[PDB]
Every structure is written in C-alpha cells, then in structure tokens.
Amino acid sequence: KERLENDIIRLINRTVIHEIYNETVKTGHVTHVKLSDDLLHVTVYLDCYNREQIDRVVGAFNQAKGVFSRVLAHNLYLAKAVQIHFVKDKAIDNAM
C-alpha cells in the first residue's frame with residue numbers, strides 16, 4: 001500500500017533532505033506513521049537503527065517539528081489544522 005499516505009511520508013522525507021540540522025531523523029524511517037484525519041496529526045512511530053539512535057532521531061524531530069509542520073503547511077495554514085507528532089510506541093503502551 002501507499003496512496004497519499006506514502007506521499008505524506010515522502011513529504012517529510014523531501015524535507016529532511018537538506019533540512020533537519022545535522023542529518024539525524026534521516027535515519028529514523030517510520031514504519032507506521034498514523035495519519036490523524038488527513039494531515040492534522042502524524043503519529044510517527046519512528047524506526048531508526050534499533051531505537052539505539054532514536055534519542056537522536058526523536059530528539060531531532062523535536063527541533064525538526066518546524067520543518068515538518070511546514071510540510072503540511074505547504075498545503076493548509078492553521079495551527080489546529082496540520083502538524084506532525086513524534087511517537088515511539090504509543091508513548092509507553094502501558095501504565096507504569
């Protein structure tokens with residue numbers, strides 16, 4: 001499968017290319033990235049080497065939250081309308 005979805009995935013990619021201070025997230029490589037609504041929220045599970053670099057990737061996505069958000073911005077243009085959200089594993093996938 002792919003559809004627009006894959007398109008969105010390739011979108012963020014197009015950014016990382018030349019973007020994202022110090023190539024990092026470029027290693028991530030999502031394998032799920034749930035699309036919330038359409039382009040409102042993007043729960044990128046991220047799947048770098050083996051989570052051994054996530055700290056770097058996820059940490060990058062934090063500051064890269066700008067370029068990323070800009071991606072969806074290329075289309076829409078509103079706070080509560082588009083934006084990417086970093087995810088690792090449902091936050092925790094448990095309680096504590």
# chains A, B, ... in the order shown; residues from 1 in each chain; ligands from 1
call {"tool": "residues_around", "arguments": {"residues": "residue 21 (chain A)", "least_positions_apart": "3", "cutoff": "10 Å", "atoms": "only C-alpha atoms", "output": "number ranges by chain"}}
result
A: 16, 18, 24-25, 60, 63-64
call {"tool": "write_last_selection", "arguments": {"atoms": "N, CA, C and O atoms", "output": "short mmCIF file (atom, residue, chain, number, x, y, z; two decimals), in the first residue's frame"}}
result
data_model
loop_
_atom_site.label_atom_id
_atom_site.label_comp_id
_atom_site.auth_asym_id
_atom_site.auth_seq_id
_atom_site.Cartn_x
_atom_site.Cartn_y
_atom_site.Cartn_z
N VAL A 16 13.70 16.48 5.25
CA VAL A 16 14.93 16.01 5.86
C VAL A 16 16.09 16.22 4.89
O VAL A 16 17.23 16.43 5.31
N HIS A 18 18.33 18.07 3.13
CA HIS A 18 18.85 19.42 3.15
C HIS A 18 18.34 20.14 4.40
O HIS A 18 18.77 21.26 4.70
N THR A 24 19.89 13.46 10.94
CA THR A 24 19.64 12.53 12.03
C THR A 24 18.36 11.73 11.76
O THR A 24 18.41 10.53 11.54
N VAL A 25 17.24 12.44 11.80
CA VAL A 25 15.95 11.82 11.57
C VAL A 25 15.98 11.07 10.23
O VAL A 25 15.16 10.20 9.98
N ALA A 60 15.76 14.96 17.38
CA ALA A 60 15.87 15.81 16.21
C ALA A 60 14.48 16.25 15.77
O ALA A 60 14.28 17.42 15.43
N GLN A 63 13.16 19.56 17.30
CA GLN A 63 13.51 20.82 16.65
C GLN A 63 13.08 20.80 15.18
O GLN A 63 12.85 21.85 14.59
N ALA A 64 12.99 19.59 14.64
CA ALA A 64 12.60 19.42 13.25
C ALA A 64 11.08 19.53 13.14
O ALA A 64 10.52 19.45 12.05
#
call {"tool": "select_by_dssp", "arguments": {"residues": "chain A", "states": "alpha helix (DSSP H)", "output": "ChimeraX atom specification"}}
result
/A:3-16,25-28,54-63,65-73
call {"tool": "closest_residue", "arguments": {"among": "A:4, A:40, A:11, A:48", "to": "residue 71 (chain A)", "atoms": "only C-alpha atoms"}}
result
A:11
call {"tool": "closest_residue", "arguments": {"among": "A:39, A:13, A:23, A:34", "to": "residue 77 (chain A)", "atoms": "only C-alpha atoms"}}
result
A:39
call {"tool": "closest_residue", "arguments": {"among": "A:95, A:57, A:84, A:47", "to": "residue 70 (chain A)", "atoms": "only C-alpha atoms"}}
result
A:84
call {"tool": "closest_residue", "arguments": {"among": "A:41, A:66, A:59, A:52", "to": "residue 80 (chain A)", "atoms": "only C-alpha atoms"}}
result
A:41
call {"tool": "select_by_dssp", "arguments": {"residues": "chain A", "states": "strand (DSSP E or B)", "output": "short mmCIF file (atom, residue, chain, number, x, y, z; two decimals) with C-alpha atoms, in the first residue's frame"}}
result
data_model
loop_
_atom_site.label_atom_id
_atom_site.label_comp_id
_atom_site.auth_asym_id
_atom_site.auth_seq_id
_atom_site.Cartn_x
_atom_site.Cartn_y
_atom_site.Cartn_z
CA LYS A 34 -0.65 7.06 11.67
CA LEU A 35 -2.40 9.84 9.79
CA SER A 36 -4.83 11.65 12.07
CA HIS A 41 -1.61 14.84 13.28
CA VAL A 42 1.10 12.40 12.26
CA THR A 43 1.99 9.81 14.87
CA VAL A 44 5.40 8.83 13.54
CA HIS A 85 3.57 14.39 16.27
CA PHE A 86 6.55 12.33 17.35
#
call {"tool": "closest_residue", "arguments": {"among": "A:87, A:2, A:78, A:9", "to": "residue 55 (chain A)", "atoms": "only C-alpha atoms"}}
result
A:87
call {"tool": "closest_residue", "arguments": {"among": "A:31, A:7, A:14, A:19", "to": "residue 65 (chain A)", "atoms": "only C-alpha atoms"}}
result
A:19
call {"tool": "atom_distance", "arguments": {"atom1": "CA of residue 15 (chain A)", "atom2": "CA of residue 30 (chain A)"}}
result
14.4 Å
call {"tool": "decode", "arguments": {"residues": "region 34-74 of chain A", "atoms": "N, CA and C atoms", "output": "PDB file, in the first residue's frame"}}
result
ATOM      1  N   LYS A  34       0.798   7.009  11.762  1.00  0.00           N
ATOM      2  CA  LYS A  34      -0.651   7.059  11.666  1.00  0.00           C
ATOM      3  C   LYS A  34      -1.085   8.478  11.292  1.00  0.00           C
ATOM      4  N   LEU A  35      -1.910   8.558  10.258  1.00  0.00           N
ATOM      5  CA  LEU A  35      -2.404   9.842   9.792  1.00  0.00           C
ATOM      6  C   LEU A  35      -3.713  10.172  10.512  1.00  0.00           C
ATOM      7  N   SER A  36      -3.658  11.219  11.320  1.00  0.00           N
ATOM      8  CA  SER A  36      -4.827  11.649  12.070  1.00  0.00           C
ATOM      9  C   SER A  36      -5.663  12.614  11.227  1.00  0.00           C
ATOM     10  N   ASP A  37      -6.815  12.125  10.793  1.00  0.00           N
ATOM     11  CA  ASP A  37      -7.711  12.930   9.981  1.00  0.00           C
ATOM     12  C   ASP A  37      -7.250  12.887   8.523  1.00  0.00           C
ATOM     13  N   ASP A  38      -6.111  13.520   8.277  1.00  0.00           N
ATOM     14  CA  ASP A  38      -5.552  13.561   6.937  1.00  0.00           C
ATOM     15  C   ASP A  38      -4.132  14.128   6.998  1.00  0.00           C
ATOM     16  N   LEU A  39      -4.022  15.295   7.614  1.00  0.00           N
ATOM     17  CA  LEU A  39      -2.733  15.952   7.748  1.00  0.00           C
ATOM     18  C   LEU A  39      -2.719  16.784   9.031  1.00  0.00           C
ATOM     19  N   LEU A  40      -3.643  16.454   9.922  1.00  0.00           N
ATOM     20  CA  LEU A  40      -3.746  17.159  11.188  1.00  0.00           C
ATOM     21  C   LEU A  40      -2.620  16.702  12.117  1.00  0.00           C
ATOM     22  N   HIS A  41      -2.625  15.410  12.410  1.00  0.00           N
ATOM     23  CA  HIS A  41      -1.614  14.835  13.280  1.00  0.00           C
ATOM     24  C   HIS A  41      -0.947  13.650  12.579  1.00  0.00           C
ATOM     25  N   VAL A  42       0.338  13.487  12.856  1.00  0.00           N
ATOM     26  CA  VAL A  42       1.101  12.402  12.261  1.00  0.00           C
ATOM     27  C   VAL A  42       1.903  11.690  13.353  1.00  0.00           C
ATOM     28  N   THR A  43       1.343  10.590  13.833  1.00  0.00           N
ATOM     29  CA  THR A  43       1.993   9.812  14.874  1.00  0.00           C
ATOM     30  C   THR A  43       3.094   8.935  14.275  1.00  0.00           C
ATOM     31  N   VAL A  44       4.260   9.539  14.104  1.00  0.00           N
ATOM     32  CA  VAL A  44       5.397   8.828  13.543  1.00  0.00           C
ATOM     33  C   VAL A  44       6.034   7.958  14.629  1.00  0.00           C
ATOM     34  N   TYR A  45       5.892   6.653  14.455  1.00  0.00           N
ATOM     35  CA  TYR A  45       6.446   5.706  15.408  1.00  0.00           C
ATOM     36  C   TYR A  45       7.975   5.739  15.389  1.00  0.00           C
ATOM     37  N   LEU A  46       8.513   6.092  14.230  1.00  0.00           N
ATOM     38  CA  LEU A  46       9.955   6.167  14.066  1.00  0.00           C
ATOM     39  C   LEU A  46      10.559   4.775  14.263  1.00  0.00           C
ATOM     40  N   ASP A  47      11.508   4.449  13.397  1.00  0.00           N
ATOM     41  CA  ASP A  47      12.170   3.158  13.464  1.00  0.00           C
ATOM     42  C   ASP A  47      13.576   3.279  12.872  1.00  0.00           C
ATOM     43  N   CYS A  48      14.450   3.921  13.633  1.00  0.00           N
ATOM     44  CA  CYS A  48      15.822   4.112  13.197  1.00  0.00           C
ATOM     45  C   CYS A  48      16.535   2.758  13.247  1.00  0.00           C
ATOM     46  N   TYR A  49      17.831   2.817  13.518  1.00  0.00           N
ATOM     47  CA  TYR A  49      18.634   1.609  13.598  1.00  0.00           C
ATOM     48  C   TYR A  49      17.903   0.515  14.379  1.00  0.00           C
ATOM     49  N   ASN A  50      17.685   0.790  15.657  1.00  0.00           N
ATOM     50  CA  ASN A  50      17.001  -0.157  16.521  1.00  0.00           C
ATOM     51  C   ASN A  50      16.617   0.537  17.829  1.00  0.00           C
ATOM     52  N   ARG A  51      16.276   1.812  17.708  1.00  0.00           N
ATOM     53  CA  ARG A  51      15.888   2.597  18.867  1.00  0.00           C
ATOM     54  C   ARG A  51      17.127   3.030  19.653  1.00  0.00           C
ATOM     55  N   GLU A  52      18.282   2.615  19.153  1.00  0.00           N
ATOM     56  CA  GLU A  52      19.540   2.952  19.795  1.00  0.00           C
ATOM     57  C   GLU A  52      19.983   4.359  19.390  1.00  0.00           C
ATOM     58  N   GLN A  53      19.319   4.883  18.369  1.00  0.00           N
ATOM     59  CA  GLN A  53      19.632   6.214  17.876  1.00  0.00           C
ATOM     60  C   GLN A  53      18.402   7.118  17.970  1.00  0.00           C
ATOM     61  N   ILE A  54      17.288   6.510  18.350  1.00  0.00           N
ATOM     62  CA  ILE A  54      16.042   7.246  18.482  1.00  0.00           C
ATOM     63  C   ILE A  54      16.298   8.540  19.256  1.00  0.00           C
ATOM     64  N   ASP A  55      16.915   8.384  20.419  1.00  0.00           N
ATOM     65  CA  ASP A  55      17.223   9.527  21.262  1.00  0.00           C
ATOM     66  C   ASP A  55      17.710  10.683  20.387  1.00  0.00           C
ATOM     67  N   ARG A  56      18.459  10.328  19.354  1.00  0.00           N
ATOM     68  CA  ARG A  56      18.990  11.322  18.437  1.00  0.00           C
ATOM     69  C   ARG A  56      17.923  11.732  17.420  1.00  0.00           C
ATOM     70  N   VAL A  57      17.242  10.728  16.888  1.00  0.00           N
ATOM     71  CA  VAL A  57      16.198  10.968  15.908  1.00  0.00           C
ATOM     72  C   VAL A  57      15.056  11.747  16.565  1.00  0.00           C
ATOM     73  N   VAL A  58      14.416  11.098  17.526  1.00  0.00           N
ATOM     74  CA  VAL A  58      13.310  11.715  18.238  1.00  0.00           C
ATOM     75  C   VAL A  58      13.719  13.118  18.689  1.00  0.00           C
ATOM     76  N   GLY A  59      14.919  13.200  19.246  1.00  0.00           N
ATOM     77  CA  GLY A  59      15.438  14.471  19.722  1.00  0.00           C
ATOM     78  C   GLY A  59      15.535  15.485  18.580  1.00  0.00           C
ATOM     79  N   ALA A  60      15.759  14.962  17.383  1.00  0.00           N
ATOM     80  CA  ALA A  60      15.874  15.805  16.207  1.00  0.00           C
ATOM     81  C   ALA A  60      14.479  16.254  15.767  1.00  0.00           C
ATOM     82  N   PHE A  61      13.555  15.304  15.786  1.00  0.00           N
ATOM     83  CA  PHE A  61      12.184  15.587  15.394  1.00  0.00           C
ATOM     84  C   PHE A  61      11.601  16.732  16.223  1.00  0.00           C
ATOM     85  N   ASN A  62      12.146  16.892  17.420  1.00  0.00           N
ATOM     86  CA  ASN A  62      11.691  17.941  18.316  1.00  0.00           C
ATOM     87  C   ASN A  62      11.905  19.303  17.651  1.00  0.00           C
ATOM     88  N   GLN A  63      13.156  19.562  17.296  1.00  0.00           N
ATOM     89  CA  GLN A  63      13.506  20.817  16.653  1.00  0.00           C
ATOM     90  C   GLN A  63      13.081  20.798  15.183  1.00  0.00           C
ATOM     91  N   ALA A  64      12.993  19.592  14.642  1.00  0.00           N
ATOM     92  CA  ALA A  64      12.600  19.423  13.253  1.00  0.00           C
ATOM     93  C   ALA A  64      11.078  19.531  13.141  1.00  0.00           C
ATOM     94  N   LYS A  65      10.444  19.717  14.290  1.00  0.00           N
ATOM     95  CA  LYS A  65       8.996  19.839  14.335  1.00  0.00           C
ATOM     96  C   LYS A  65       8.569  21.083  13.553  1.00  0.00           C
ATOM     97  N   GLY A  66       9.553  21.912  13.237  1.00  0.00           N
ATOM     98  CA  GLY A  66       9.294  23.133  12.495  1.00  0.00           C
ATOM     99  C   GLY A  66       9.151  22.847  10.999  1.00  0.00           C
ATOM    100  N   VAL A  67      10.219  22.306  10.429  1.00  0.00           N
ATOM    101  CA  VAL A  67      10.226  21.982   9.012  1.00  0.00           C
ATOM    102  C   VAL A  67       9.061  21.038   8.704  1.00  0.00           C
ATOM    103  N   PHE A  68       8.942  20.007   9.527  1.00  0.00           N
ATOM    104  CA  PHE A  68       7.881  19.030   9.354  1.00  0.00           C
ATOM    105  C   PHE A  68       6.515  19.714   9.271  1.00  0.00           C
ATOM    106  N   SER A  69       6.202  20.469  10.313  1.00  0.00           N
ATOM    107  CA  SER A  69       4.936  21.179  10.370  1.00  0.00           C
ATOM    108  C   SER A  69       4.770  22.055   9.127  1.00  0.00           C
ATOM    109  N   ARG A  70       5.902  22.511   8.609  1.00  0.00           N
ATOM    110  CA  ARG A  70       5.896  23.356   7.426  1.00  0.00           C
ATOM    111  C   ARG A  70       5.410  22.565   6.210  1.00  0.00           C
ATOM    112  N   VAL A  71       5.749  21.284   6.205  1.00  0.00           N
ATOM    113  CA  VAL A  71       5.355  20.411   5.112  1.00  0.00           C
ATOM    114  C   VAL A  71       3.845  20.525   4.892  1.00  0.00           C
ATOM    115  N   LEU A  72       3.099  20.115   5.907  1.00  0.00           N
ATOM    116  CA  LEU A  72       1.649  20.165   5.839  1.00  0.00           C
ATOM    117  C   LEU A  72       1.203  21.614   5.630  1.00  0.00           C
ATOM    118  N   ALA A  73       2.064  22.530   6.046  1.00  0.00           N
ATOM    119  CA  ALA A  73       1.772  23.947   5.912  1.00  0.00           C
ATOM    120  C   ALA A  73       1.733  24.317   4.428  1.00  0.00           C
ATOM    121  N   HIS A  74       2.614  23.681   3.669  1.00  0.00           N
ATOM    122  CA  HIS A  74       2.690  23.932   2.239  1.00  0.00           C
ATOM    123  C   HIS A  74       1.291  23.840   1.628  1.00  0.00           C
TER     124      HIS A  74
END
